[PDB]
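Participant: Sharing a structure with you now.
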Amino acid sequence: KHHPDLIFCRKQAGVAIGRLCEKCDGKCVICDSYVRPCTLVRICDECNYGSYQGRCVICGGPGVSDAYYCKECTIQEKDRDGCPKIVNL
Amino acid sequence: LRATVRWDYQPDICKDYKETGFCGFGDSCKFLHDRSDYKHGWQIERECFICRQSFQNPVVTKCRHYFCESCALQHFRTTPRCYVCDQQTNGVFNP
Amino acid sequence: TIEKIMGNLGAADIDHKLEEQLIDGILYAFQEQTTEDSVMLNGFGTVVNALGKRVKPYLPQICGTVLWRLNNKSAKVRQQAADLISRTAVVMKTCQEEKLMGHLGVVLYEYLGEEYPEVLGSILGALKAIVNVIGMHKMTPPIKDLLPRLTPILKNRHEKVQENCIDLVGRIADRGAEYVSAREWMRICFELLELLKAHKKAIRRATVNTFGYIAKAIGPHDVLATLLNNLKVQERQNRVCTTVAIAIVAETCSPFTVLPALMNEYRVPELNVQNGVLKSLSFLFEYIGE
Amino acid sequence: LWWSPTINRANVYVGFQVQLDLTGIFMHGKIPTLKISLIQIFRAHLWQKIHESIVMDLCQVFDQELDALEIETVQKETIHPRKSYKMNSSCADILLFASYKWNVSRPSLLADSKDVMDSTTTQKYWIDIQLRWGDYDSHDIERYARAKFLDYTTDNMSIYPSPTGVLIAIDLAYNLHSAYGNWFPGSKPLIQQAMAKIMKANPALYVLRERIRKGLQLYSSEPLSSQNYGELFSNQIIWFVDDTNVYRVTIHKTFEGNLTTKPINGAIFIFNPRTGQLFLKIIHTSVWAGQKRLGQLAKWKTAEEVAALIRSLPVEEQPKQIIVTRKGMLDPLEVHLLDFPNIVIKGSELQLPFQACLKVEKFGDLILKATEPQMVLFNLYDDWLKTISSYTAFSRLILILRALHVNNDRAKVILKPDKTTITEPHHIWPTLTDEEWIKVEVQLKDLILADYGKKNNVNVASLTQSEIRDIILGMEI
Amino acid sequence: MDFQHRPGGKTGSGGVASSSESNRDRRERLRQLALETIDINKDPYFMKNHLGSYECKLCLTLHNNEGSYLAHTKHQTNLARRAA
Ligand SMILES: [Zn+2]
Ligand SMILES: [Zn+2]
Ligand SMILES: [Zn+2]
Ligand SMILES: [Zn+2]
Ligand SMILES: [Zn+2]
């Protein structure tokens, strides 16, 4: 369910908390699955700060629920890879 | 006490709609489309456990058998296994 | 401001005449709602949920006004009235006044034959809320009369009607499946196969969840044969969701029971069912984990 | 379905009369589409549930007022479910056992006000409830009610535990209700108000009406000055009706510190601003207290008196509109105005000071020194209307009423500053010429502006001309 | 109403099939027609794969559809090359 484009930030994570819209609710932020939402999503930097406050870490809708990593991505601990907010480049 | 009522005895319900939910005629169905199981008017009008003694200070052993404490102590001292289903209770006299 | 103050502080300091004035004010505010003021609907829900058990004298006035506005010419008025029912079902069931809520359910069952899609979706959402706050045993009309009425509504093509009706069918099949015979559940599954070709992904996800609930209810064999025939029969831009449904059925219903038929489906040379078997196996392993 | 009173007539050329399933609907000939529509309306035993809900609602009403009519106990007749379908014979539905020997009149209609009550006496009582589906030919409910009462009391097949009782007939096809039979005292307005409330807000009746509306697929789209002070002279007779003075009691004191209440005569005010005529419907001294429902039954009696005065008046004498205030007891007034629907009751932006309407000396002397419903009529602007227009005299009368409601001494000083303002005994306003009534209205407006500035902590002359004219005419300011 | 002149319908029908069922029925009928024309023509080059695909052994060419093999009749030059 992925695309070859859209690298995310590759930035060091911070205390800001990810946020998901209802159009893509329940998806894993990395592997786009729906199984075992285990680890909370940290969104590093000014992805949260400013006009993008409480927005989607995926497509860009108004976020309503906390984003999560699945257990399968945290099996190899991909959740420490960085910020998963999509920057369209 | 006779209360007979001359009914109309033709219940015009679609049998295909009643037990399926789909009719091939659709909106051109001759009968009415309803799914219910209510009765009609004419159908309504036509219609120590072995010795059988008292138990004091009850307790259950390892074989899930509840009996008196003296009876369970005598059963544990007399035999190693319980007399209910020959389970391996090992003569345990516990509450 | 009233909704924010009630959500911040509460409704403990409200006087009785003050509460009557608040109910009359929010009834007149809902009575004059020209735009789609959904935040005002959320404020209505916040005020009556903050009031709680003190709205019991005011409940027949609210019910009478909503049932009067449900007969309106405009579709938006009926949609807003059913949305108010869906908001206020929880606080109607807090006081356990089951006669008024059952009367509302009977009137909504009469209103289920509407032709406008937004109104029908709002009625279905209100009925889903009423079933969630009452329970199956005291639900008038009963589920054995409700679900056969819901069976032809699944053939509708509108997205909101499909989403609300599949959500209601999923709540019933998860909670109250004992009232419905297995023939009707198999008819529901045969309708859900056509429902799997929708556009919104939430509709397909809830469809897969209903497949899992029905297989948990009636047994995982005939629904698996139905899904395998759909997998070998589709050949279109769908049927990955059929494999997701197969994996959900197997994960909910002890996958030793499913794996012989799924393994024997690999022997079919039909060039697309084998990829479905392997994709269902991958989704099954991702669902079951350890 | 829409023309079903006309298609399903009872008076046909030839026809075998048959009863529809689980209902009391009669068909003469097999009409399949009408049968399909009426079965689809009345599915899942709706007729029996409507009858059961009406029986339980009447039982709840009579249990709520068990002690008020010397009733020992109320019995719900646990009967067979086929009682609501049989039109040939009927059992009793509600049994009433009394504390004492009830005085029982001869049988009469529910709408019969006159009832000499001392015919016989008995203890037990029965109430029967009948449901019919009337057609276009036979949608009369009262003659059906008395015919069914006579044919059920006289015939031996119908079983009733008491020779005296009442039968209630409800036509669901036309939403009509009536009753016929014996009465014990206090029961008749209780059954009238209870039946009005039941046909207002029964749940199963609402289910039936909603099923009919969804069968027909009908919808309801409906959910000087331009106000009522000025619309009376706009070729439309607007009569202000006020019943707040019906619950009126005088002030008196006893020998000790406690004070008693004197039962003064109630007054219903009908004010015509286009003519200056104020009709005060009086009440008896024994009818303003003691009886139950002082805010409802007294208002119903005042509404019946207003309907009798409207029916006694001609078509031109009846008003084309009603400049009503905010509704506090206007539900039974609107219910009882079926025979006089020529005046539409609505609340405009202009009100009237009806509490000063008893401020006249002649009308107050006629109302206070009486004990019977005389229903007198006087003139507000008897001599001021000949020196002004209709709207100007209406505004002057409204300003005089507002000045009398503000301060009676200032209003009497403005209207009658000397002994030369003595008018006729049928005149409420003081005697004046054109310029004298103009100066009296100017002084009354100045006193009203001074009282409004004293009450609102503002200046008297700070208001605009339109705001002062609206305050004089009784509108919003 | 004119009961003998209404459009014909029978009880317990089940309705008309959808687009997917009609499409797979058309594909099965096209496969049957292609196999009937192959058996009439008696061409030994046609083979069905273990994954279920048409193959020309004289050309050694796979085909996605039945009409792809039906249009594979170049094949004369490949048959002359594979004859020796
Ligand atoms: Zn999103
Ligand atoms: Zn993941
Ligand atoms: Zn970032
Ligand atoms: Zn049908
Ligand atoms: Zn070839």
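Residues are named by chain letter and number: chains run A, B, ... in the order of the structure tokens, numbers start at 1 in each chain, and ligands are numbered from 1 in the order shown.
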Do a neighbour search on residue 192 in chain C at 10 Å with only C-alpha atoms, toss out local chain neighbours closer than 2 positions, and write the hits as a VMD selection string.
Facilitator: chain C and resid 154 to 155 166 186 to 190 194 to 197 204 207 to 208 210 to 211
Participant: Show me, as a ChimeraX atom specification, the residues of chain D whose atoms get within 8 Å of chain B, using only C-alpha atoms for the distance check.
Facilitator: /D:18-22,36,40,44,82,85-86,88-89,157
Participant: For the residues selected in the previous step, produce a file with N, CA, C and O atoms as an mmCIF file, in the first residue's frame.
Facilitator:
data_model
loop_
_atom_site.group_PDB
_atom_site.id
_atom_site.type_symbol
_atom_site.label_atom_id
_atom_site.label_comp_id
_atom_site.auth_asym_id
_atom_site.auth_seq_id
_atom_site.Cartn_x
_atom_site.Cartn_y
_atom_site.Cartn_z
ATOM 1 N N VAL D 18 -67.464 -7.978 5.057
ATOM 2 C CA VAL D 18 -66.476 -8.846 5.674
ATOM 3 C C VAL D 18 -65.574 -7.963 6.523
ATOM 4 O O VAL D 18 -65.496 -6.747 6.320
ATOM 5 N N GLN D 19 -64.940 -8.561 7.522
ATOM 6 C CA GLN D 19 -64.047 -7.834 8.409
ATOM 7 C C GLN D 19 -62.606 -8.117 8.023
ATOM 8 O O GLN D 19 -62.244 -9.256 7.721
ATOM 9 N N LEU D 20 -61.794 -7.071 8.015
ATOM 10 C CA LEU D 20 -60.383 -7.199 7.708
ATOM 11 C C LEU D 20 -59.661 -7.858 8.884
ATOM 12 O O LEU D 20 -60.154 -7.866 10.015
ATOM 13 N N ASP D 21 -58.496 -8.441 8.595
ATOM 14 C CA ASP D 21 -57.762 -9.234 9.575
ATOM 15 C C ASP D 21 -57.193 -8.367 10.692
ATOM 16 O O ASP D 21 -56.559 -7.339 10.432
ATOM 17 N N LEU D 22 -57.462 -8.789 11.937
ATOM 18 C CA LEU D 22 -56.969 -8.191 13.186
ATOM 19 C C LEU D 22 -57.381 -6.732 13.359
ATOM 20 O O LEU D 22 -56.702 -5.968 14.045
ATOM 21 N N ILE D 36 -54.337 -4.447 0.696
ATOM 22 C CA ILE D 36 -52.887 -4.496 0.868
ATOM 23 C C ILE D 36 -52.393 -3.288 1.657
ATOM 24 O O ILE D 36 -51.604 -3.434 2.601
ATOM 25 N N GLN D 40 -50.961 -3.415 5.462
ATOM 26 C CA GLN D 40 -49.610 -2.900 5.663
ATOM 27 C C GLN D 40 -49.563 -1.799 6.714
ATOM 28 O O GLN D 40 -48.544 -1.640 7.394
ATOM 29 N N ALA D 44 -48.824 -6.332 12.743
ATOM 30 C CA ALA D 44 -48.280 -6.655 14.073
ATOM 31 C C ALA D 44 -49.208 -6.234 15.211
ATOM 32 O O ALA D 44 -48.750 -5.711 16.229
ATOM 33 N N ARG D 82 -59.383 -10.865 21.683
ATOM 34 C CA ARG D 82 -60.280 -10.654 20.559
ATOM 35 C C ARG D 82 -61.414 -9.688 20.870
ATOM 36 O O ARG D 82 -62.366 -9.608 20.090
ATOM 37 N N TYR D 85 -61.630 -6.689 18.305
ATOM 38 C CA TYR D 85 -62.053 -6.974 16.941
ATOM 39 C C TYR D 85 -63.557 -7.121 16.813
ATOM 40 O O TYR D 85 -64.108 -6.811 15.751
ATOM 41 N N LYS D 86 -64.238 -7.584 17.859
ATOM 42 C CA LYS D 86 -65.650 -7.915 17.734
ATOM 43 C C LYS D 86 -66.486 -6.645 17.802
ATOM 44 O O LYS D 86 -66.422 -5.889 18.779
ATOM 45 N N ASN D 88 -69.869 -6.939 17.134
ATOM 46 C CA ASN D 88 -71.222 -7.390 17.432
ATOM 47 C C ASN D 88 -71.571 -7.207 18.901
ATOM 48 O O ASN D 88 -72.693 -6.805 19.229
ATOM 49 N N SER D 89 -70.634 -7.501 19.797
ATOM 50 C CA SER D 89 -70.881 -7.397 21.225
ATOM 51 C C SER D 89 -69.614 -6.919 21.912
ATOM 52 O O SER D 89 -68.509 -7.054 21.381
ATOM 53 N N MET D 157 -76.569 -10.209 25.081
ATOM 54 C CA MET D 157 -75.271 -10.810 24.792
ATOM 55 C C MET D 157 -74.122 -10.002 25.381
ATOM 56 O O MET D 157 -73.143 -10.584 25.865
#
Participant: Using only C-alpha atoms and all ligand atoms, find each residue with an atom at most 8 Å away from ligand 4 and format the answer as a list in words.
Facilitator: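 The distance check yields residues 13, 14, 15, 16, 17, 22, 23, 24, 25, 26, 27, 28, 29, 30, 31, 32 and 33 of chain B.
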Participant: Kindly compile the residues surrounding ligand 1 within 10 Å, counting only C-alpha atoms and all ligand atoms, and format them as a PyMOL selection string.
Facilitator: chain A and resi 19-27+55-64+67
Participant: Hey, which residues come within 7 Å of ligand 2 if we count only C-alpha atoms and all ligand atoms? Could you give them as a list in words?
Facilitator: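 Counting only what the definition allows, namely only C-alpha atoms and all ligand atoms, the set is residues 28, 29, 30, 31, 32, 33, 69, 70, 71, 72 and 73 of chain A.
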Participant: Would you list the residues that come within 8 Å of ligand 5? Count only C-alpha atoms and all ligand atoms and give the answer as a compact mmCIF listing (two decimals) with N, CA and C atoms, in the first residue's frame.
Facilitator:
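Just written: out.txt:
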# COMPACT_ATOMS: atom_id res chain seq x y z
N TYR E 45 -0.08 -27.86 -31.23
CA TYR E 45 0.79 -26.87 -30.61
C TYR E 45 0.19 -26.27 -29.35
N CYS E 56 1.98 -22.03 -27.03
CA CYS E 56 2.27 -22.57 -28.36
C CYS E 56 3.63 -23.24 -28.29
N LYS E 57 3.64 -24.57 -28.36
CA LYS E 57 4.89 -25.31 -28.33
C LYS E 57 5.65 -25.22 -29.64
N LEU E 58 4.94 -25.06 -30.77
CA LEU E 58 5.62 -24.86 -32.05
C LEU E 58 6.28 -23.49 -32.12
N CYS E 59 5.67 -22.48 -31.51
CA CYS E 59 6.28 -21.17 -31.38
C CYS E 59 7.02 -20.97 -30.07
N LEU E 60 6.72 -21.79 -29.06
CA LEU E 60 7.12 -21.62 -27.66
C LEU E 60 6.77 -20.21 -27.15
N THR E 61 5.48 -19.90 -27.20
CA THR E 61 4.99 -18.57 -26.85
C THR E 61 3.80 -18.69 -25.91
N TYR E 69 -3.96 -16.73 -28.56
CA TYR E 69 -3.60 -17.95 -29.26
C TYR E 69 -4.42 -18.13 -30.53
N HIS E 72 -2.71 -16.45 -33.15
CA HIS E 72 -1.40 -17.04 -33.43
C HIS E 72 -1.56 -18.18 -34.43
N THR E 73 -1.88 -17.79 -35.66
CA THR E 73 -2.10 -18.73 -36.75
C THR E 73 -1.85 -18.06 -38.09
N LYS E 74 5.73 -15.02 -36.86
CA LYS E 74 4.57 -15.78 -37.32
C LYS E 74 4.64 -17.22 -36.83
N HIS E 75 3.58 -17.98 -37.09
CA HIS E 75 3.50 -19.37 -36.69
C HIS E 75 3.87 -20.33 -37.81
N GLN E 76 3.63 -19.95 -39.07
CA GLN E 76 4.05 -20.79 -40.20
C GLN E 76 5.56 -20.84 -40.34
N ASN E 78 7.73 -20.23 -37.88
CA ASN E 78 8.21 -20.94 -36.71
C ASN E 78 7.98 -22.44 -36.82
N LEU E 79 6.88 -22.85 -37.47
CA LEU E 79 6.62 -24.27 -37.69
C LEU E 79 7.58 -24.85 -38.72
Participant: Go through the chains and note each residue within 6 Å of ligand 3, using only C-alpha atoms and all ligand atoms, then give the set as a PyMOL selection string.
Facilitator: chain A and resi 9+43-45+47+83+85
Participant: What lies within 7 Å of residue 475 in chain D using only C-alpha atoms, ignoring chain neighbours under 4 positions off, as a list in words?
Facilitator: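 That gives residues 229, 349, 350, 351, 470 and 471 of chain D.
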Participant: Could you please select, counting only C-alpha atoms, the residues of chain C within 9 Å of chain D and state them as number ranges by chain?
Facilitator: C: 31, 68-69, 71-74, 100, 103, 106-107, 110-111, 113-114
Participant: Nearest to residue 80 in chain D: which of D:48, D:105, D:130, D:193 is it, counting only C-alpha atoms?
Facilitator: D:48
Participant: I'd like the contact shell of residue 141 in chain C - 8 Å cut-off, only C-alpha atoms, skipping same-chain residues fewer than 5 positions apart - returned as a VMD selection string.
Facilitator: chain C and resid 102 105 to 106 109 146
Participant: Now that the selection is made, can you save its residues with N, CA and C atoms as a PDB file, in the first residue's frame?
Facilitator:
ATOM      1  N   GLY C 102     -37.860   2.680  23.199  1.00  0.00           N
ATOM      2  CA  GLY C 102     -38.482   1.668  22.360  1.00  0.00           C
ATOM      3  C   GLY C 102     -39.492   2.249  21.388  1.00  0.00           C
ATOM      4  N   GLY C 105     -37.469   3.707  18.680  1.00  0.00           N
ATOM      5  CA  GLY C 105     -37.008   2.645  17.799  1.00  0.00           C
ATOM      6  C   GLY C 105     -38.091   2.130  16.870  1.00  0.00           C
ATOM      7  N   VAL C 106     -39.335   2.086  17.354  1.00  0.00           N
ATOM      8  CA  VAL C 106     -40.468   1.683  16.522  1.00  0.00           C
ATOM      9  C   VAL C 106     -40.725   2.713  15.422  1.00  0.00           C
ATOM     10  N   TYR C 109     -37.992   2.396  12.901  1.00  0.00           N
ATOM     11  CA  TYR C 109     -38.264   1.218  12.084  1.00  0.00           C
ATOM     12  C   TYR C 109     -39.308   1.517  11.019  1.00  0.00           C
ATOM     13  N   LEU C 146     -35.829  -7.067  12.990  1.00  0.00           N
ATOM     14  CA  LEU C 146     -35.045  -5.924  12.539  1.00  0.00           C
ATOM     15  C   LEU C 146     -34.098  -6.298  11.410  1.00  0.00           C
TER      16      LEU C 146
END
Participant: Write out as a PyMOL selection string which residues come within 6 Å of range 74-82 of chain A when counting only C-alpha atoms, dropping same-chain ones fewer than 4 positions away.
Facilitator: chain A and resi 10-13
Participant: Would you export the selected residues with N, CA, C and O atoms as a compact mmCIF listing (two decimals), in the first residue's frame, please?
Facilitator:
# COMPACT_ATOMS: atom_id res chain seq x y z
N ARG A 10 13.56 11.65 8.18
CA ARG A 10 14.80 11.09 8.73
C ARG A 10 15.46 12.05 9.73
O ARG A 10 16.64 12.38 9.63
N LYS A 11 14.66 12.51 10.69
CA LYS A 11 15.10 13.42 11.73
C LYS A 11 15.02 12.74 13.09
O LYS A 11 14.32 11.74 13.26
N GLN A 12 15.75 13.29 14.06
CA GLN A 12 15.74 12.73 15.41
C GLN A 12 14.43 13.07 16.11
O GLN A 12 14.02 14.23 16.14
N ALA A 13 13.79 12.05 16.69
CA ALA A 13 12.47 12.19 17.27
C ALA A 13 12.51 12.99 18.57
O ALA A 13 13.53 13.06 19.25
Participant: Please identify which residues in chain A DSSP calls helix (DSSP H, G or I) from the backbone, and express them as a PyMOL selection string.
Facilitator: chain A and resi 22-24+78-81
Participant: Next, write the just-selected residues to a file, as a PDB file, in the first residue's frame, keeping N, CA, C and O atoms as the atom set.
Facilitator:
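In the end it all went to selection.pdb:
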ATOM      1  N   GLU A  22      -9.214  10.479  10.225  1.00  0.00           N
ATOM      2  CA  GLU A  22     -10.143   9.359  10.151  1.00  0.00           C
ATOM      3  C   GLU A  22     -10.145   8.666   8.794  1.00  0.00           C
ATOM      4  O   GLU A  22     -10.622   7.531   8.703  1.00  0.00           O
ATOM      5  N   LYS A  23      -9.641   9.324   7.745  1.00  0.00           N
ATOM      6  CA  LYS A  23      -9.637   8.716   6.418  1.00  0.00           C
ATOM      7  C   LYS A  23      -8.626   7.583   6.317  1.00  0.00           C
ATOM      8  O   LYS A  23      -8.836   6.631   5.557  1.00  0.00           O
ATOM      9  N   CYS A  24      -7.534   7.668   7.064  1.00  0.00           N
ATOM     10  CA  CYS A  24      -6.517   6.628   7.119  1.00  0.00           C
ATOM     11  C   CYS A  24      -6.278   6.193   8.560  1.00  0.00           C
ATOM     12  O   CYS A  24      -5.149   5.922   8.977  1.00  0.00           O
ATOM     13  N   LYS A  78      11.863  -0.552  14.083  1.00  0.00           N
ATOM     14  CA  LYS A  78      11.909   0.487  13.062  1.00  0.00           C
ATOM     15  C   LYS A  78      11.325   1.808  13.545  1.00  0.00           C
ATOM     16  O   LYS A  78      11.512   2.831  12.875  1.00  0.00           O
ATOM     17  N   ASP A  79      10.657   1.808  14.705  1.00  0.00           N
ATOM     18  CA  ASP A  79      10.056   3.008  15.278  1.00  0.00           C
ATOM     19  C   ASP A  79      11.085   4.046  15.704  1.00  0.00           C
ATOM     20  O   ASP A  79      10.739   5.225  15.834  1.00  0.00           O
ATOM     21  N   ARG A  80      12.332   3.640  15.916  1.00  0.00           N
ATOM     22  CA  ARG A  80      13.421   4.556  16.209  1.00  0.00           C
ATOM     23  C   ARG A  80      14.098   5.070  14.944  1.00  0.00           C
ATOM     24  O   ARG A  80      15.145   5.716  15.039  1.00  0.00           O
ATOM     25  N   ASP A  81      13.530   4.786  13.766  1.00  0.00           N
ATOM     26  CA  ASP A  81      14.129   5.237  12.515  1.00  0.00           C
ATOM     27  C   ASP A  81      13.994   6.741  12.303  1.00  0.00           C
ATOM     28  O   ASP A  81      14.792   7.318  11.557  1.00  0.00           O
TER      29      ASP A  81
END
Participant: Report the residues of range 3-90 of chain B whose backbone DSSP state falls under strand (DSSP E or B), written as a VMD selection string.
Facilitator: chain B and resid 7 13 32 58 to 60 66 to 68
Participant: Could you tell me which residues of chain C sit within 9 Å of chain B when counting only C-alpha atoms, and give me the result as a ChimeraX atom specification?
Facilitator: /C:144-145,148-149,151-152,183-184,187
Participant: Tell me which protein, DNA and RNA residues are within 12 Å of residue 228 in chain C, counting only C-alpha atoms, leaving out same-chain ones fewer than 3 positions away, and put them as a ChimeraX atom specification.
Facilitator: /C:193,221-225,231-234,239-247,258,261-266,268,272-274,276-277,280
Participant: What's the separation between CA of residue 321 in chain D and CA of residue 236 in chain D, in Å to one decimal place?
Facilitator: 6.7 Å
